[PDB]
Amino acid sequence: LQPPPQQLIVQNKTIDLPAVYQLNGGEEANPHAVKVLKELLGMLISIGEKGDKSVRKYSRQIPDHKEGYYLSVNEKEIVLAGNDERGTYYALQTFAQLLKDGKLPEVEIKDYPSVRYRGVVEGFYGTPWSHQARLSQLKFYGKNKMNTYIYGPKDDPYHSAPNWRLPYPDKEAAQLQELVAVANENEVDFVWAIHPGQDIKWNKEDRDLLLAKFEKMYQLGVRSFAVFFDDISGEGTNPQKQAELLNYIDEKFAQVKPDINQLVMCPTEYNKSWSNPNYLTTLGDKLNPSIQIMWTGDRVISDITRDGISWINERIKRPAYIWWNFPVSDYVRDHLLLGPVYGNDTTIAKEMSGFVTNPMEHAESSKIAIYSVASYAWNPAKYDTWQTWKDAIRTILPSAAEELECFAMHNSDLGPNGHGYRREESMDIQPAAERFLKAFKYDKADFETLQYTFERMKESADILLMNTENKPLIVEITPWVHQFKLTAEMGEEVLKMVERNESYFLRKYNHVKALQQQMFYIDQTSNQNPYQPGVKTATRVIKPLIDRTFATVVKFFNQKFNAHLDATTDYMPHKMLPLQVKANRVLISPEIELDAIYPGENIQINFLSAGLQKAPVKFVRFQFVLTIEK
């Protein structure tokens, strides 16, 4: 069961889903839950909300919590009783996971979430989620009892700079309208956010335009709203004016419409490190208390701790609404972040108004963290990092679960980055790895372990590429899967170099250099975004072991045979601190000879620049970056 319920009593007896049933309360229960029931489908089945005729017999069993439910299955009768309509739907989501092979376990469940708002903020920089991916997201939220979707992609020009003042065009508006309908069907609050701050004026004209935009969104069906003031400079960062604007939205709009739910703001000082030592106490004191204030923790990317959440709560005078910056990867775009969700304290549910997760631009790939966050935020006390990661992967790709686990286990670290934020990766093999190298610079078992791992990586790569159960997932990860397969091939060849004769070693060597060039070409042709282009994989443990083992066994060959083989581990056609090639930049990692003559563009230097005006260039002699026409 995911999320695991607050309370559960299992009897050890089984019951056939009744071939013949009597439905009580289907005309009065939450239509969204009734629809799920009738699809899954004499024995009495009672569905309803506390107060309904159908479930009055169980009124004492129903948890007195928002979104709570009582679920019961026995030989005699089935009860599916929400404390409110969402609760009934959540009872159904649990019910569907009990139903296996046409059979049900005899169980009594009393359930409710520990955190009031739980979900995803699409708030990353980069390519926003497609329409299809958002639709699929919303269904997945409902299955996993996430009730919050904060729409806020940084690069949607109608969400942020400069066209936040304009209504969405017809096509986009028709799409959002559908998203809102689908969200409603899955018991998700669609929260449309706006990000006006970089150029907002504190006047009537901009105040009114912002309210007019919210009204347009409201006409599209939107019933929750957010205003983000993060990552901005200038007058838009003034706390009094922020609070005043939010209170004005609250009082003229959120409390005037009959049916507005969440009103949320993201502060400019949204993590402890970025907070000056009185912006936050001004917000805490001036902002209407029903208004939510977001917070990403001690740092832009951090895990939430008891000390950290108590620090925020005291300044803002309400429980912080957490924006958790994982698995967002818009600052490490060359990595996928498919590891487990961990690091957040599991005893601080009462200290938070909400918990949402900023995910990767890769929507399906994000379902691993998302499913885990859902589990954490509903039942933090029973949150099991590893089992939930395994369950996520198995729900997302039942046909190739083991292969996805293999891929995901070696694609979880961010690599070095400006935020200093890291994740564990490849922990199972790390001991055999680190002992194999030390000895080299070995136990047979460690060698076979590495060998087993490479073999497995290839099996996983090839089965994943060809999987048809979740095609959109496979499209997202495909470039990394190719790179992952290459890595495992390079690993097998390097191990063969460690093991017979001069001639066989040179065959393996030459095959390695070819594999290095293949990885380079995948890195230059896939995922060519402006910020961190290319495709890295297995970066924490595996690639480093392979490269170092390669440097080492070559060194020993040159010593033994008086040879002069090149020991370089990453292919690089240009010559010169490694050179890098990023799009049409050739740069010295913070005399260069290129592999051919190109038209030059510019040379940028920091210890400065010169335009080259398309002059032909092969040699550059003196950041340190050459930009060519390519």
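When you see a residue number, it is the position in the sequence shown, counting from 1.
In the deposited entry, the stretch joining residue 499 to residue 500 is interrupted by 1 to 3 residues of the deposited sequence lacking coordinates. A summary of the deposited B-factors shows that, of 266 to 274 and 118 to 126, the stretch with the larger mean C-alpha value is 266 to 274. In this entry, 196 to 204 has the higher mean Cα B-factor, the comparison being between 196 to 204 and 526 to 534. Residues shown: 320, 341, 211, 445. Highest C-alpha temperature factor in the entry: 445. The PDB entry assigns its highest CA temperature factor, among 367, 543, 333, 435, to 435.
In the deposited entry, the Cα temperature factor of residue 451 sits in the top third of values across the chain's modelled residues. Compared with the other modelled residues of the chain, the Cα B-factor recorded for residue 556 ranks in the highest third.
In the PDB entry, a CA B factor belonging to the middle third of its chain's modelled residues is recorded for residue 253. The entry lists a Cα temperature factor for residue 357 that places it in the lowest third of the chain's modelled residues. When the modelled residues of the chain are ordered by C-alpha B-factor, residue 168 sits in the lowest third.
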